[PDB]
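This is data-v5.txt (compact mmCIF, C-alpha atoms).
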# COMPACT_ATOMS: atom_id res chain seq x y z
CA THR V 566 24.94 -56.67 27.55
CA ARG V 567 25.34 -59.64 25.21
CA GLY V 568 27.45 -58.26 22.41
CA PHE V 569 30.12 -57.04 24.76
CA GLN V 570 32.13 -60.26 25.00
CA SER V 571 34.08 -59.34 28.15
CA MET V 572 30.75 -58.43 29.76
CA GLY V 573 28.64 -61.19 28.19
CA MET V 574 30.89 -63.85 29.67
CA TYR V 575 30.38 -62.03 32.97
CA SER V 576 26.63 -62.05 32.32
CA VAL V 577 26.06 -65.74 31.59
CA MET V 578 27.95 -66.76 34.74
CA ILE V 579 25.24 -64.96 36.75
CA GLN V 580 22.67 -67.25 35.12
CA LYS V 581 24.87 -70.28 35.82
CA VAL V 582 25.25 -69.38 39.51
CA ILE V 583 21.54 -68.72 40.24
CA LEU V 584 20.43 -71.79 38.27
CA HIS V 585 22.82 -74.22 39.93
CA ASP V 586 23.98 -73.51 43.46
CA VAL V 587 22.27 -70.56 45.19
CA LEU V 588 18.86 -72.27 44.91
CA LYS V 589 20.14 -75.26 46.89
CA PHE V 590 21.53 -72.92 49.54
CA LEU V 591 18.19 -71.13 49.71
CA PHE V 592 16.36 -74.46 49.93
CA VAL V 593 18.40 -75.49 52.96
CA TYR V 594 18.38 -71.98 54.47
CA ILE V 595 14.57 -71.69 54.36
CA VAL V 596 14.06 -74.92 56.32
CA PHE V 597 16.71 -73.90 58.86
CA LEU V 598 15.04 -70.48 59.06
CA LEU V 599 11.62 -72.02 59.72
CA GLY V 600 13.03 -74.57 62.18
CA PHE V 601 14.56 -71.79 64.22
CA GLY V 602 11.76 -69.25 63.72
CA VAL V 603 8.93 -71.47 64.90
CA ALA V 604 11.15 -72.38 67.87
CA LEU V 605 11.82 -68.76 68.82
CA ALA V 606 8.17 -67.78 68.27
CA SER V 607 7.17 -70.67 70.52
CA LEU V 608 9.49 -69.16 73.11
CA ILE V 609 7.38 -65.94 72.70
CA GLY V 623 8.05 -61.98 70.10
CA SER V 624 5.59 -62.95 67.38
CA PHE V 625 6.29 -65.08 64.29
CA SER V 626 6.87 -62.51 61.54
CA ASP V 627 8.82 -60.24 63.89
CA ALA V 628 11.18 -63.00 65.04
CA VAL V 629 11.88 -64.23 61.52
CA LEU V 630 12.56 -60.63 60.43
CA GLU V 631 14.93 -60.22 63.39
CA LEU V 632 16.60 -63.49 62.35
CA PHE V 633 17.12 -62.22 58.80
CA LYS V 634 18.43 -58.91 60.15
CA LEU V 635 20.86 -60.92 62.28
CA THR V 636 21.94 -62.73 59.11
CA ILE V 637 22.61 -59.57 57.07
CA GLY V 638 24.35 -57.89 60.01
CA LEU V 639 21.96 -55.97 62.28
CA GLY V 640 19.47 -56.52 65.07
CA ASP V 641 19.80 -56.38 68.86
CA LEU V 642 19.77 -59.68 70.69
CA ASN V 643 20.09 -59.23 74.46
CA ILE V 644 16.81 -59.63 76.42
CA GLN V 645 13.63 -60.40 74.50
CA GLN V 646 10.16 -60.33 76.02
CA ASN V 647 8.50 -63.31 77.78
CA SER V 648 11.58 -65.52 77.83
CA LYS V 649 11.42 -68.38 80.31
CA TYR V 650 15.21 -68.60 80.47
CA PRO V 651 17.41 -66.42 78.23
CA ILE V 652 20.38 -68.83 78.38
CA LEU V 653 18.58 -71.27 76.08
CA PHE V 654 17.45 -68.41 73.81
CA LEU V 655 21.08 -67.25 73.74
CA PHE V 656 22.69 -70.51 72.72
CA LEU V 657 19.83 -71.31 70.33
CA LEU V 658 20.67 -68.02 68.61
CA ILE V 659 24.39 -68.87 68.62
CA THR V 660 23.61 -72.34 67.21
CA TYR V 661 21.60 -70.69 64.41
CA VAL V 662 24.44 -68.29 63.60
CA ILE V 663 27.13 -70.99 63.50
CA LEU V 664 24.86 -73.24 61.41
CA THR V 665 24.26 -70.42 58.93
CA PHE V 666 28.03 -69.83 58.81
CA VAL V 667 28.89 -73.48 58.10
CA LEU V 668 26.06 -73.62 55.53
CA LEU V 669 27.46 -70.55 53.74
CA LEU V 670 30.96 -72.06 53.83
CA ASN V 671 29.70 -75.38 52.42
CA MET V 672 27.81 -73.54 49.65
CA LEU V 673 30.82 -71.44 48.65
CA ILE V 674 33.17 -74.44 48.53
CA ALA V 675 30.65 -76.46 46.51
CA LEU V 676 30.40 -73.68 43.92
CA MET V 677 34.18 -73.47 44.08
CA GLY V 678 34.25 -77.22 43.41
CA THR K 566 57.27 -50.13 46.19
CA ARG K 567 58.62 -51.47 42.89
CA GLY K 568 62.12 -52.58 43.79
CA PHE K 569 60.93 -54.74 46.62
CA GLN K 570 60.18 -57.89 44.63
CA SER K 571 58.00 -59.59 47.25
CA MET K 572 56.03 -56.33 47.49
CA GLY K 573 56.16 -55.39 43.80
CA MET K 574 54.49 -58.64 42.82
CA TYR K 575 51.88 -57.75 45.43
CA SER K 576 51.61 -54.28 43.89
CA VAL K 577 51.04 -55.19 40.24
CA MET K 578 48.24 -57.61 41.17
CA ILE K 579 46.31 -54.60 42.53
CA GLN K 580 46.54 -53.04 39.07
CA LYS K 581 45.47 -56.33 37.47
CA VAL K 582 42.42 -56.65 39.74
CA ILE K 583 41.10 -53.08 39.30
CA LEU K 584 41.73 -53.12 35.54
CA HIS K 585 40.00 -56.43 34.88
CA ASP K 586 37.22 -57.53 37.20
CA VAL K 587 36.13 -54.94 39.79
CA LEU K 588 35.08 -52.50 37.04
CA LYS K 589 32.64 -55.06 35.63
CA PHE K 590 31.21 -55.63 39.11
CA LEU K 591 30.84 -51.88 39.57
CA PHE K 592 29.20 -51.58 36.14
CA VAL K 593 26.55 -54.14 37.07
CA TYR K 594 26.22 -52.84 40.65
CA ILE K 595 25.53 -49.24 39.55
CA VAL K 596 22.63 -50.26 37.31
CA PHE K 597 21.20 -52.51 40.05
CA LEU K 598 21.67 -49.62 42.50
CA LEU K 599 19.80 -47.20 40.23
CA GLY K 600 17.08 -49.73 39.42
CA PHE K 601 16.38 -50.20 43.11
CA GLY K 602 16.98 -46.58 44.15
CA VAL K 603 14.56 -45.01 41.69
CA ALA K 604 12.05 -47.67 42.77
CA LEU K 605 12.43 -46.91 46.48
CA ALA K 606 12.39 -43.15 45.87
CA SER K 607 9.21 -43.61 43.85
CA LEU K 608 7.80 -45.35 46.91
CA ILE K 609 8.68 -42.09 48.81
CA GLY K 623 12.44 -40.87 51.50
CA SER K 624 14.09 -38.76 48.81
CA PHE K 625 16.46 -39.97 46.08
CA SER K 626 19.92 -39.21 47.48
CA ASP K 627 18.89 -40.29 50.98
CA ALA K 628 17.52 -43.66 49.83
CA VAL K 629 20.57 -44.46 47.71
CA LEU K 630 22.82 -43.52 50.65
CA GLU K 631 20.75 -45.80 52.91
CA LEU K 632 21.11 -48.54 50.29
CA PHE K 633 24.90 -48.17 50.24
CA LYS K 634 24.95 -48.15 54.06
CA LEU K 635 22.93 -51.37 53.94
CA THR K 636 25.56 -52.79 51.58
CA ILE K 637 28.56 -51.94 53.78
CA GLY K 638 26.75 -53.12 56.92
CA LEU K 639 24.69 -50.38 58.59
CA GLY K 640 21.37 -48.60 58.29
CA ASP K 641 17.98 -49.20 59.92
CA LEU K 642 15.28 -50.67 57.73
CA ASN K 643 12.01 -51.13 59.63
CA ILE K 644 9.32 -48.48 58.88
CA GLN K 645 10.13 -45.72 56.41
CA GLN K 646 7.95 -42.68 55.84
CA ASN K 647 5.04 -42.53 53.34
CA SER K 648 5.03 -46.23 52.52
CA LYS K 649 1.83 -47.46 50.91
CA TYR K 650 2.48 -51.02 52.08
CA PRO K 651 5.72 -51.94 53.89
CA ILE K 652 5.53 -55.62 52.89
CA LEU K 653 6.50 -54.76 49.32
CA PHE K 654 9.21 -52.37 50.56
CA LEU K 655 10.46 -55.20 52.78
CA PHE K 656 10.78 -57.88 50.15
CA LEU K 657 12.10 -55.38 47.58
CA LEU K 658 14.88 -54.65 50.08
CA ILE K 659 15.47 -58.39 50.64
CA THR K 660 15.53 -58.94 46.85
CA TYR K 661 18.16 -56.19 46.54
CA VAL K 662 20.29 -57.73 49.30
CA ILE K 663 20.18 -61.25 47.86
CA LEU K 664 20.91 -59.90 44.36
CA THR K 665 23.92 -57.98 45.67
CA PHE K 666 25.08 -61.17 47.43
CA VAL K 667 24.81 -63.36 44.32
CA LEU K 668 26.50 -60.60 42.27
CA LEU K 669 29.41 -60.47 44.75
CA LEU K 670 29.67 -64.27 44.67
CA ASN K 671 29.68 -64.32 40.86
CA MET K 672 32.37 -61.61 40.77
CA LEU K 673 34.62 -63.41 43.25
CA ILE K 674 34.35 -66.74 41.43
CA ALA K 675 35.03 -65.07 38.07
CA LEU K 676 38.22 -63.49 39.43
CA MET K 677 39.00 -66.86 40.97
CA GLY K 678 38.49 -68.37 37.52
Would it be possible to restate this file's structure as structure tokens?
Amino acid sequence: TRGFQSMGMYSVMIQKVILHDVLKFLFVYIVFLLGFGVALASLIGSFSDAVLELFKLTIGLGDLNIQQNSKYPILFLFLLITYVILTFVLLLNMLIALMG
Amino acid sequence: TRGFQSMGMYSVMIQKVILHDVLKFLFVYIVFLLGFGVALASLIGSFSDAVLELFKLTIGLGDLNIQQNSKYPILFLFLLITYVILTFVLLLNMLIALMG
């Protein structure tokens, strides 16, 4: 698409955004994802099922009510809410940094 | 609505936004949509069902766990995650270009 100027200036901004800011957001989001996923898998489903459910909760799906082998679902509940609000404030910080 | 000044200035900005920036985002999003849809249909559901499921995943619906006739669902999984993160960075690039 380089050659179309009004699309090439749209194209090189994609390279500028993935090079600069979305990699930092991914680098913080992976360690928050592991720090919650190992926690929820230590609460006992498995590891790769809980991290997939966490990513489905991020993109906008996934039931959350009563998971199996919970000792106390109140702590599972507010751990999940703490993850969601931390992902929200991380997304907001990322978008205002790449606005800045 | 032209004649109401505080609504006519709201009205002509709709024409400015669809003329300038959302068409470029659609022009990149259609070729990403085809490049993932032909891929997922080559993994075998059909073509028009997989692209409809991809659009329902974009607007915020659609189950994603185990689709039929997958050779290996790990590659289907991270192809879907790669599509979702590419749509997210494309949306972010579009919104900061029309902020710019």
By how many Å are CA of residue 580 in chain K and CA of residue 567 in chain K apart?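 About the pair CA of residue 580 in chain K and CA of residue 567 in chain K: they are 12.8 Å apart.
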Dump as JSON, numbers by chain the residues of chain V that approach chain K to within 12 Å, counting only C-alpha atoms. {"V": [566, 569, 570, 571, 572, 573, 574, 575, 576, 577, 578, 579, 580, 581, 582, 583, 584, 585, 586, 587, 588, 590, 591, 626, 627, 630, 631, 633, 634, 635, 636, 637, 638, 639, 640, 641, 669, 672, 673, 674, 675, 676, 677, 678]}
Between CA of residue 645 in chain V and CA of residue 605 in chain V, what is the spacing in Å?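 Atom-to-atom, CA of residue 605 in chain V and CA of residue 645 in chain V are spaced 10.3 Å apart.
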I'd like to know which of V:596, V:629, V:601, V:624 is closest to residue 656 in chain V, using only C-alpha atoms.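 Looking only at the distances to residue 656 in chain V, the closest residue turns out to be V:601.
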Rounded to one decimal in Å, what is the spacing between CA of residue 603 in chain K and CA of residue 628 in chain K?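 Distance between the two atoms: 8.8 Å.
Using only C-alpha atoms, the residues found no farther than 12 Å from residue 644 in chain K, other than those of its own chain fewer than 5 positions away, are residues 609, 623, 649, 650, 651, 652, 653, 654 and 655 of chain K.
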Please determine, counting only C-alpha atoms, which residue among V:594, V:599, V:665, V:606 has the shortest atom-to-atom distance to residue 648 in chain V. V:606
